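Single chain ahead, written as structure tokens, the form deposited in one PDB entry.
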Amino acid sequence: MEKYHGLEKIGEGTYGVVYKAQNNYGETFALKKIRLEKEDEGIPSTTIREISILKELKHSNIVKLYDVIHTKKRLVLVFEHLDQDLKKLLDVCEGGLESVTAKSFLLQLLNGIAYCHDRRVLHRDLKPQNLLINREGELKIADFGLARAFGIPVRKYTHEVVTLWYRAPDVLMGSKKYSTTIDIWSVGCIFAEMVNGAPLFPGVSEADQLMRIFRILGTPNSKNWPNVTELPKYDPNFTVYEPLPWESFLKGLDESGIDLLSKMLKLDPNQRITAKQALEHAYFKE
């Protein structure tokens, strides 16, 4: 294909396997084989087009897309290559990341998200595994925009489970709206995880996920979430929980850090801080 050789499996993304490869310039790339919704139904032309426009996303914290290779029921995406990801790093660490590093990862993640959100490009699947990191501690987000083009599939058991951990309450309760707020919730979860060394809400199912959330942040109500009642899977019979003190589940974060984090994990999507507002927070000036 396109003259690439030396493939080498290097992981398994949410849409297929990822390989490290080289072209005929010696230069390295990451090749993602897209395994999609209906594989036997071919790849619609609108999909090809939607993906190819993602080539305009050019920013220091977004994994660059170089080429879209479409061959007889075989879609391959050629991406910038990075040798490490945040999940792998969190896995080996005990107690999380040092504050200075957490901050730098947080800053760079926000910058990437902000650049995309300004162009109406959503992720809808942010998680540690999609945050790629190079030698120099630079962070690049992978997979922005693929959910819109490919749709979000129900992944292999072990993957769907990890995915729940970063899913906003409104989404778990049946919302299907287009929103930038979905990504900000994921950042909050990622933020908490860098400080604690473990996922903040590790549920095993949607329902379990929602309860783990409410058990820590409080159950929704008229004051904290007007119109939550409009969500399809909302239930007024939710066992009531009062919110826990931020300090109790955020290991000596820091004052400004807790505040910023509290703005990300607002249950009401409409009150959730944006990426660009987050970048203005005193946390990053300290």
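In this text, residue numbers run from 1 along the sequence as written.
The form deposited with a small molecule bound is left out here; the points below concern that form.
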Original post:
Among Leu109, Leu132, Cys116, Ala168, which has at least one heavy atom within 4.5 Å of the small molecule in the entry with it bound?
Top reply: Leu132
Subject >> Candidate from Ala278, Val18, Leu267, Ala21 lying within 4.5 Å of the small molecule in the entry with it bound - any heavy atom >> reply: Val18
Original post:
Can you pick the stretch from 24-32, 252-260, 224-232, 66-74 whose heavy atoms fall within 4.5 Å of the small molecule in the entry with it bound?
Top reply: 24-32
Original post:
Is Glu138 one of the residues lying within 4.5 Å of the small molecule in the entry with it bound, judged by heavy atom distances?
Top reply: no
**OP:** Answer for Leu82 alone: is it within 4.5 Å of the small molecule in the entry with it bound, judged on heavy atom distances?
**Re:** yes
**OP:** Would you please decide whether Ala142 lies within 4.5 angstroms of the small molecule in the entry with it bound, comparing each non-hydrogen atom pair?
**Re:** yes
**OP:** Mark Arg215 yes when one of its heavy atoms lies within 4.5 Å of a heavy atom of the small molecule in the entry with it bound, and no otherwise.
**Re:** no
